[PDB]
Amino acid sequence: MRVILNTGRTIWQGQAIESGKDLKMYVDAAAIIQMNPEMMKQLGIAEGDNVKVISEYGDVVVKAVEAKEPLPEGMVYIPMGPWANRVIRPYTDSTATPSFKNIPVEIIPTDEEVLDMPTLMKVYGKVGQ
Amino acid sequence: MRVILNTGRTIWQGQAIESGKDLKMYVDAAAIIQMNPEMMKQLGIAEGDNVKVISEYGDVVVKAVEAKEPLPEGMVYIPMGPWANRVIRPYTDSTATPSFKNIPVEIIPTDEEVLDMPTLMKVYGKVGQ
Amino acid sequence: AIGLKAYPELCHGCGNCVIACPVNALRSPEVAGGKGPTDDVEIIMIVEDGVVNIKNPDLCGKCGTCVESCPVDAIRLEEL
Amino acid sequence: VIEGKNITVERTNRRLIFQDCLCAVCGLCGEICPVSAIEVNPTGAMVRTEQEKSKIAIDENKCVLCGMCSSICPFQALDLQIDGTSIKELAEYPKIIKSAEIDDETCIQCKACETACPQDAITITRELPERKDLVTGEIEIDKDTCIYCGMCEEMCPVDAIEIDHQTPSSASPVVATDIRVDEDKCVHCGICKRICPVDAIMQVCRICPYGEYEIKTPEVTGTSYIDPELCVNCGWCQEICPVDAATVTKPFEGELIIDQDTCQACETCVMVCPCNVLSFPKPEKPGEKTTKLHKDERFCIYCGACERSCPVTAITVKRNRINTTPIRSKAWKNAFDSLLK
Amino acid sequence: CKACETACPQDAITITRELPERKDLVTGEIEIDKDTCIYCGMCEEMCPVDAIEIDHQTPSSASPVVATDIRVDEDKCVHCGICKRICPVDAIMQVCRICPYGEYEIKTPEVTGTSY
Amino acid sequence: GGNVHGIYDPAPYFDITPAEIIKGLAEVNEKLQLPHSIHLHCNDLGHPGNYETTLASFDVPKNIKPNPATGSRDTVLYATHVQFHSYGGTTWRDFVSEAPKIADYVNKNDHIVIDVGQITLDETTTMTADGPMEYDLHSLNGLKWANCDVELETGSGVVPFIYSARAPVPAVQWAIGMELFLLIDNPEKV
Amino acid sequence: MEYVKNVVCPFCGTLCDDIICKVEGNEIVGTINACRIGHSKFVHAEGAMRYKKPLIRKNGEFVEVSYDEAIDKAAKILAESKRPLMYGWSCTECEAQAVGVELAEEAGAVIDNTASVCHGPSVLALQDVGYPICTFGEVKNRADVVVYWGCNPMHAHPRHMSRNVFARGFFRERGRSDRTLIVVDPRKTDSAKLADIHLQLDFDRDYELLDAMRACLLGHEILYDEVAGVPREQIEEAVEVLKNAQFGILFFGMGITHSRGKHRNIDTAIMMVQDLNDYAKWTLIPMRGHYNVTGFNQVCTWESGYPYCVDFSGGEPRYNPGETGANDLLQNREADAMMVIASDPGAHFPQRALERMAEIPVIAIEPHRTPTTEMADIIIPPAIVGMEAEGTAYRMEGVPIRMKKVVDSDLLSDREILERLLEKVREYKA
Ligand SMILES: Nc1nc2c(c(=O)[nH]1)N[C@H]1C(S)=C(S)[C@@H](COP(=O)(O)OP(=O)(O)OC[C@H]3O[C@@H](n4cnc5c(=O)[nH]c(N)nc54)[C@H](O)[C@@H]3O)O[C@H]1N2
Ligand SMILES: Nc1nc2c(c(=O)[nH]1)N[C@H]1C(S)=C(S)[C@@H](COP(=O)(O)OP(=O)(O)OC[C@H]3O[C@@H](n4cnc5c(=O)[nH]c(N)nc54)[C@H](O)[C@@H]3O)O[C@H]1N2
Ligand code: SF4
Ligand code: SF4
Ligand code: SF4
Ligand code: SF4
Ligand code: SF4
Ligand code: SF4
Ligand code: SF4
Ligand code: SF4
Ligand code: SF4
Ligand code: SF4
Ligand code: SF4
Ligand code: SF4
Ligand code: SF4
Ligand code: SF4
Ligand code: SF4
Ligand SMILES: [Cl-]
Ligand SMILES: [K+]
Ligand SMILES: [K+]
Ligand SMILES: [K+]
Ligand SMILES: [K+]
Ligand SMILES: [K+]
Ligand SMILES: [K+]
Ligand SMILES: [K+]
Ligand SMILES: [K+]
Ligand SMILES: [S]
Ligand SMILES: [W+6]
Ligand SMILES: [Zn+2]
């Protein structure tokens with residue numbers, strides 16, 4: 001299903017980053033996708049099921065969550081973080097600021113696992129120096 | 001889910017009754033409930049899954065089917081037959097004609113089996129004489 | 001009886017109820033002006049360790065203003 | 001028997017009926033009851049918050065069904081019936097004296113009181129004249145001269161002109177088959193005739209030369225209705241009426257006393273007030289300051305709900321006299337006297 | 001006239017036209033005495049071009065009135081006279097000037113446009 | 001979003017006039033025996049005809065006695081960039097210089113020191129605590145405008161301005177400042 | 001137990017300065033008045049990595065080193081680099097930011113803060129059209145109309161509404177009752193749930209809505225009958241609400257800096273606020289994110305003339321966001337080394353920028369374990385500003401408040417680390 005990806009803050013993702021981005025708390029708060037209940041039923045998924053998000057720019061696995069802040073029809077919400085930033089639009093249009101918000105993505109259910117914080121970062125393949 | 005039950009004809013149920021109401025064909029054509037695909041999603045069921053229909057007047061198990069004749073929001077269609085007539089409104093309002101159409105019912109998924117034609121009639125408990 | 005009840009695990013610590021409450025406002029000029037109390041004062045509830053914390057439920061008159069001010073239903077008026 | 005939020009207490013025949021939807025949670029029934037059978041929930045909570053409890057709870061084991069609470073209730077929310085007629089019609093039972101009436105011959109159907117009524121107790125109807133009857137003229141369109149350019153239909157400010165547009169076909173090689181003026185809608189302003197590029201419209205306006213005879217002076221009719229159970233006698237209608245056709249008398253006399261400095265403007269009393277007595281005036285110009293909590297006791301009935309709702313008791317209600325039918329029971333006299341302050 | 005735009009089986013034609021403004025084909029005076037006005041709403045209802053507007057409100061003890069203002073939009077008014085006749089307190093002064101002053105105050109309409 | 005006009009026009013709510021503010025603070029200035037005098041940026045800055053508001057302003061603290069505990073100051077009023085307060089006329093098109101009347105007031109009076117605020121005929125930037133004036137300047141030249149109101153204390157505004165020598169108004173303002181330097185006889189007052 | 005009062009919170013741009021810290025031993029064990037986020041920073045979460053010493057990655061494995069070695073290796077990286085990026089700054093104090101400017105000068109570096117991923121577009125816009133703001137106290141005491149445009153303060157500035165909207169002010173004694181609250185957001189956020197007006201407009205269409213609003217405001221007719229999903233009629237009803245304000249404040253945030261148009265969304269919003277002042281007093285405040293993002297832009301501006309995206313490569317300061325911004329240099333592969341301080345671009349930059357961080361030396365002055373430290377070559381832990389170190393911070397509307405030192409730490413402060421880094425970068429260049 002093609003949806004519009006919106007990203008930003010959450011009181012829980014703020015609590016998590018100031019508690020520790022190495023903690024499980026952070027995966028639970030930021031490695032998620034918020035959806036309207038009708039959209040979850042349209043996709044055939046329940047809270048706790050995982051979703052594969054793919055865009056022109058990347059892909060990520062996040063845990064589906066029912067939005068307590070209702071979304072417009074066709075929109076989903078991933079909190080700011082490295083999972084969301086696998087998939088949002090990097091280009092700045094010569095402003096220095098990327099397009100973190102409102103990005104066309106494709107979402108589909110998946111049985112793959114959510115990558116924890118250090119495992120997610122290895123996707124970028126850091127070479128020492 | 002609370003829905004509006006509508007009943008009537010289909011060529012497949014017409015073909016079936018003139019082929020034989022003792023046939024498997026008749027269960028397939030008349031022991032079904034037609035739903036909009038959006039309603040099936042909201043209920044979490046697929047074509048071929050069974051549905052328990054409950055009304056003020058009875059109950060029945062029927063096979064869920066995707067309506068190719070689109071229905072108004074909130075309405076379902078069971079073809080005329082003994083399954084549909086387990087649940088529709090019997091009272092005639094002093095006209096002799098029952099209220100076969102547009103009856104409030106409750107539908108819920110079920111793993112129970114669809115009753116074939118002679119087994120369905122046994123619930124009425126015919127006593128010989 | 002109907003009384004004030006806190007749901008801290010849903011709470012944001014935002015402070016709207018603390019400021020909105022007239023009893024708190026009446027006793028603490030800083031709370032009346034939107035600040036957390038720095039003076040020692042006895043008021044109905046405070047934000048403590050990041051969440052709403054009821055300290056003097058006997059002063060609560062069950063008017064309902066705090067409830068109107070909470071968007072996440074973390075403070076309520078219900079039985080007990 | 002409790003159904004929904006309503007409460008009916010029965011003994012066998014006496015019946016006390018409580019109507020939740022009419023209860024303003026003022027508390028007076030609880031105070032006046034000789035047997036302390038009534039407990040009233042917090043006024044603010046019941047008005048401002050969602051609650052599944054009823055506004056009142058009455059203990060039937062102490063209730064002796066005397067009917068003083070039903071008498072005192074200013075909002076018609078408690079009614080006791082005896083065999084089985086309401087005591088509101090029994091002369092032996094004391095009644096509080098109140099009234100609200102509209103003189104229908106004086107009333108001009110402006111609907112100000114319908115709008116002002118804090119309880120929506122008033123219905124005002126009025127039948128206006130039809131538009132054609134306040135206007136006069138002639139208008140005809142010569143359809144063969146008409147080339148169906150659509151400009152008159154567009155310019156007509158009341159959409160009185162209709163054109164039967166179509167896509168042409170070889171059988172019907174025209175872009176329209178008819179044009180009509182709906183004289184029920186035409187107000188004879190003249191715009192169409194002036195914009196018509198081919199002078200196909202004949203229109204003559206007669207209002208000024210023939211208005212005195214051709215147009216009848218409008219008689220506006222209607223009626224009024226005050227729902228006696230929704231009505232609470234605040235007096236807004238009496239005060240709002242431009243022709244003094246509305247008359248209201250109240251049950252209680254008293255005073256309103258407000259402490260502006262104790263008040264912290266939580267707005268509870270404002271929302272609680274069933275008579276629209278209390279308000280937060282908006283400052284008229286920047287830098288100007290207002291009375292924190294403004295009252296107008298002209299609309300006040302001294303039921304006490306605001307005082308009860310205020311968590312800092314910044315608002316207090318006094319009550320000097322309760323106007324009633326003659327009281328002969330001395331139990332009744334002292335309970336009515338106990339509500340005076 | 002746009003007949004060909006409608007008739008073209010290929011939608012190949014664009015016809016534009018600028019029509020005159022309503023105010024310019026009509027002339028009159030209208031004034032509402034808001035002190036006399038008691039806000040019965042009857043003129044607002046009867047006005048067939050919705051030129052009259054009333055700022056309705058629920059009264060409060062600070063503002064014990066059912067409306068705070070009333071206005072006539074002369075860009076819309078076509079001076080039919082209905083409001084002034086229906087007003088129960090004669091608070092509206094209205095006079096149409098078309099017949100005495102129409103030659104001078106109303107310009108004959110020039111209709112402009114293009115084709116493509 | 002408003003302003004005061006003249007020294008007798010009070011602010012909303014507070015109901016005190018400019019004249020009373022200037023006098024009272026001059027009084028405070030010497031009562032605490034400050035080394036420097038009050039430092040006055042006048043009302044009605046930069047508007048045609050404001051020279052009268054300026055001259056009236058200059059008289060308000062004249063009857064206050066200077067009293068520095070440190071230093072040698074013998075004046076009670078310091079008026080700053082008064083070129084902007086020396087305007088005659090009534091609009092920008094009948095705009096004329098009134099620096100002679102200003103300079104001569106200074107010559108005759110011993111309680112005032114000024115600085116001129118000389119136009120340099122550059123593209124520069126204006127930045128003041130005179131919020132309402134800067135919004136008016138932005139209204140005139142249409143250029144980018146910044147503002148900051150500080151709670152209970154003050155306001156401020158920032159607007160670029162091009163003092164082009166070829167333009168009539170900057171030309172006159174350049175002259176007004178030169179007139180002030182030169183027609184004031186005693187340099188110890190400027 | 002010890003209660004330390006009047007503490008300034010080191011998280012978001014609200015910069016609350018009424019925090020009570022509960023101190024047991026030499027440790028902060030609780031708070032009063034701080035919101036859920038502010039509390040989480042002050043107190044340690046169990047199991048959370050707090051680096052005790054510097055670390056360096058030797059090929060593939062981190063090893064603890066001393067301060068002098070880590071600083072030495074970092075100084076050589078920057079000295080030998082021909083396009084170093086020095087990024088972050090927003091979560092430390094101003095004197096450390098000042099040392100950073102001097103160090104970027106010495107290294108010929110590009111210095112840039114989180115503004116480049118945040119309210120940078122507001123900086124670009126205010127440089128073009130203006131900046132009409134006020135301080136919180138004018139809002140609390142005067143504000144008649146309060147707008148939250150593309151910001152969600154209940155989740156991102158949790159105490160912002162309680163202090164500026166529900167607060168009872170001088171001319172607004174009734175607090176919330178004296179104010180019309182407007183929120184503009186495509187989601188029904190918890191902030192929007194409290195609003196009197198919620199314009200639930202179409203995403204990425206703010207620029208169009210603001211164009212209709214401004215044309216209407218200046219007396220023009222709105223071309224289309226619906227804009228950004230809002231019908232014409234309510235565009236006009238909204239402009240009338242703003243025109244009839246006695247004092248209006250427009251708070252805006254990421255919903256229009258990150259959205260389509262970016263800096264031009266802020267541009268059109270500012271100019272409307274400007275033009276509204278011919279009908280009603282109006283002002284705006286950008287909802288700056290970190291407690292001291294504003295402080296860096298102040299320091300960098302007053303020392304160099306430019307607020308962010310500052311390039312010292314030529315000696316002279318030069319400034320062109322879109323070329324000299326953190327994401328520009330990383331995504332176009334211009335930067336050949338990166339020093340991060342008090343920020344987490346590993347978690348919070350897009351994929352394309354992280355791909356470049358994988359290829360270059362990354363230095364991280366950071367106390368906690370983060371996605372950036374997972375991409376770092378040298379890790380240098382500091383004392384935390386606002387808890388263990390003091391210094392100046394700047395609130396979102398420019399108000400300066402000094403961060404307090406509540407407990408002691410054996411670690412060095414950011415300032416000391418940067419001054420040692422600066423001394424030895426000079427040593428190498430000589
Ligand atoms: N809990 C927590 N709090 C924080 C932070 C954190 O990580 N966590 N970080 C801090 C930082 S750095 C910052 S900058 C601030 C940011 O504070 P905010 O500016 O609130 O940032 P966001 O939450 O990203 O975005 C706010 C809203 O913009 C909306 N939005 C999205 N697209 C559009 C659009 O097209 N139009 C409009 N009008 N709105 C749109 C989203 O729905 C969202 O509700 O928060 C700070 N506070
Ligand atoms: N998808 C998406 N991505 C986004 C955004 C979005 O809305 N959506 N928002 C963007 C925005 S606005 C921003 S600002 C960024 C977030 O900007 P970041 O700077 O990445 O935000 P934090 O993760 O809070 O990083 C602050 C770091 O500083 C550390 N720190 C705290 N105190 C001190 C100190 O005293 N000294 C030092 N050296 N370090 C300290 C903290 O441990 C923390 O790791 O995210 C951006 N990325
Ligand atoms: S209820 Fe009325 S009183 Fe009891 S707390 Fe919430 S507000 Fe303060
Ligand atoms: S309760 Fe609702 S309001 Fe009072 S704090 Fe916790 S959240 Fe903010
Ligand atoms: S009195 Fe009439 S109104 Fe006041 S409470 Fe008892 S019942 Fe409801
Ligand atoms: S009945 Fe007589 S007793 Fe039973 S309640 Fe109403 S009053 Fe109190
Ligand atoms: S108000 Fe006076 S007049 Fe207007 S209607 Fe109600 S009663 Fe008849
Ligand atoms: S305008 Fe003259 S022509 Fe065009 S339609 Fe109306 S009438 Fe026929
Ligand atoms: S006259 Fe005025 S109204 Fe009657 S039709 Fe021609 S236009 Fe429409
Ligand atoms: S009195 Fe108060 S209630 Fe009874 S009618 Fe006149 S207004 Fe409606
Ligand atoms: S009075 Fe008691 S209640 Fe009515 S407002 Fe002032 S405080 Fe809130
Ligand atoms: S005001 Fe007069 S009426 Fe409105 S409540 Fe207080 S008392 Fe009952
Ligand atoms: S051409 Fe000009 S006129 Fe002839 S039809 Fe097409 S439009 Fe009407
Ligand atoms: S009619 Fe006469 S009175 Fe009724 S509203 Fe229009 S004007 Fe005011
Ligand atoms: S005149 Fe005819 S049109 Fe002009 S206003 Fe009164 S009614 Fe509406
Ligand atoms: S003047 Fe009187 S008559 Fe002549 S037109 Fe205008 S209205 Fe019809
Ligand atoms: S609000 Fe921003 S600042 Fe005030 S506390 Fe919660 S976080 Fe620390
Ligand atoms: Cl919790
Ligand atoms: K609530
Ligand atoms: K029309
Ligand atoms: K004509
Ligand atoms: K009256
Ligand atoms: K056509
Ligand atoms: K009408
Ligand atoms: K100020
Ligand atoms: K922490
Ligand atoms: S930020
Ligand atoms: W930010
Ligand atoms: Zn000055």
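A, B, ... follow the sequence lines: proteins, then strands. Residue 1 opens every chain. Below, all heavy atoms of this structure are taken into account, side chains as well, without hydrogens, waters or symmetry copies.
- Using a 4.5 Å cut-off between heavy atoms, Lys292(D) contacts chain G through both its backbone and its side chain.
- Applying the 6.0 Å contact sphere to CD of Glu233(G) captures no more than 12 heavy atoms from other residues, nucleotides or ligands.
- Checking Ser309(D) against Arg48(D) by side-chain atom types alone, no donor-acceptor pair falls below 3.5 Å.
- Between chain D and the options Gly175(G), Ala245(G), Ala280(G), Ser177(G), heavy-atom pairs under 4.5 Å are most frequent for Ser177(G).
- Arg176(G) does not touch chain D: none of its heavy atoms, backbone or side chain, sits under 4.5 Å away.
- Ring geometry for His160(G) versus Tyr148(G): interplanar angle over 60°, hence perpendicular rather than tilted (30 to 60°).
- Contact check for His188(D) versus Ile139(D): side-chain heavy atoms found under the 4.5 Å cut-off.
- Only the side chain of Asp144(G) comes within less than 4.5 Å of a heavy atom in chain D; its backbone stays farther off.
- The 12-atom threshold is not exceeded at CD of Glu130(D), counting heavy atoms of other residues, nucleotides or ligands nearer than 6.0 Å.
- Proximity to chain G is absent for every atom of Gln260(D), based on heavy atoms less than 4.5 angstrom apart.
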